[PDB]
Amino acid sequence: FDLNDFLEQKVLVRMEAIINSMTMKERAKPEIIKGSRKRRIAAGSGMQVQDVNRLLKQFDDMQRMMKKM
RNA sequence: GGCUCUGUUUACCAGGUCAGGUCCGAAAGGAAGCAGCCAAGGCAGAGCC
Ligand SMILES: [Cl-]
Ligand SMILES: [K+]
Ligand SMILES: [K+]
């Protein structure tokens, strides 16, 4: 389960925007998204770093639920 | 070495464009700009000088 699958799942549009700012490698392997990548994605989606942190955490909550079932 | 062709490769960190999204504006309209793409660079093979 990756961010390409989470994309297919005003608040919903803003979340899709953050993923639209990522590279295919970032969508395929979300763990590589550290500080510098979060800043590029944030500014690129017109959001703040906190909004990227929230989206990545919401993905991690979903990924951990998919790993349980 | 140079030029060109071809393959491939490259998140941001002074190229272009810019879906999505963002910012300014009551509007009309403006602005910046990620990803992608183009271009460019990297690694090579080849042809020519
Ligand atoms: Cl080349
Ligand atoms: K761009
Ligand atoms: K650009």
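Every chain is numbered from 1 and lettered A, B, ... according to where its sequence line falls, protein lines coming before strand lines.
Salt bridge A:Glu26/A:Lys38: absent, no basic N to carboxylate O contact under 4.0 Å.
For the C1' atom pair drawn from B:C18 and B:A35, the interatomic distance equals 10 Å after rounding to whole Å. Here, B:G7 and B:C37 have their P atoms 15 Å apart, quoted to the whole Å. B:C38 and B:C5 have their P atoms separated by 15 Å, with the value rounded to a whole Å. Only the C1' atoms considered, B:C43 is 27 Å distant from B:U17, to the nearest whole Å. Annotation: B:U22 and B:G42 have their P atoms spaced 39 Å apart (nearest Å). Atom name P, nucleotides B:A28 and B:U8: the rounded distance is 46 Å, in whole Å. B:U4 and B:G36 have their P atoms separated by 26 Å, given to the nearest Å. Of the P atoms belonging to B:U10 and B:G25, the separation is 42 Å, rounded to the nearest Å.
Applying the side-chain contact (heavy atoms from CB on, under 4.5 Å) test to A:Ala42 and every residue at least two apart in sequence or in another chain returns A:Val49, A:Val52. Residues satisfying the side-chain contact (heavy atoms from CB on, under 4.5 Å) test with A:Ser36, not counting sequence neighbours, are A:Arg39.
Here the side chain of A:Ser21 pairs a donor or acceptor atom with the backbone of A:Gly44 at under 3.5 angstrom. In terms of modelled atom types and a separation under 3.5 Å, the side chain of A:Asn20 and the main chain of A:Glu16 share a donor-acceptor contact. Using modelled atom types, no side-chain atom of A:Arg27 and backbone atom of A:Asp2 make a donor-acceptor pair closer than 3.5 Å.
As the counterpart of B:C13, no nucleotide is assigned, since no Watson-Crick or G-U wobble pattern has both distances under 3.5 Å. Across all strands shown, B:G45 forms a Watson-Crick or G-U wobble pair, both distances under 3.5 Å, with B:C5.
Remark: P of B:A19 and CD1 of A:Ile19 are 19 Å apart, rounded to the nearest angstrom. Atom pair A:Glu16:CD and B:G21:P shows a separation of 8 Å (rounding to whole Å applied).
Put simply, A:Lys34 has no side-chain N or O that comes within less than 4.0 Å of OP1 or OP2 on B:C12.
With a negative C1'-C2'-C3'-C4' torsion, the sugar ring of B:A14 falls in the south range.
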Legend entry - Sugar-phosphate or base contact per nucleotide [nucleotides 32-38 of chain B; S, B, -; heavy atom under 4.0 Å]: --BS---
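With both hydrogen-bonding distances under 3.5 Å, B:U17 and B:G36 qualify as a Watson-Crick or G-U wobble pair.
Placement of A:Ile41 and A:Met24 in two distinct hydrophobic clusters is found when ILVMFWY residues are connected by side-chain heavy-atom separations under 4.5 Å, directly or transitively.
For the neighbouring bases B:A14 and B:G15, no stacking contact is recorded, as ring-centre distance under 5.5 Å and ring-plane angle under 30° do not both hold.
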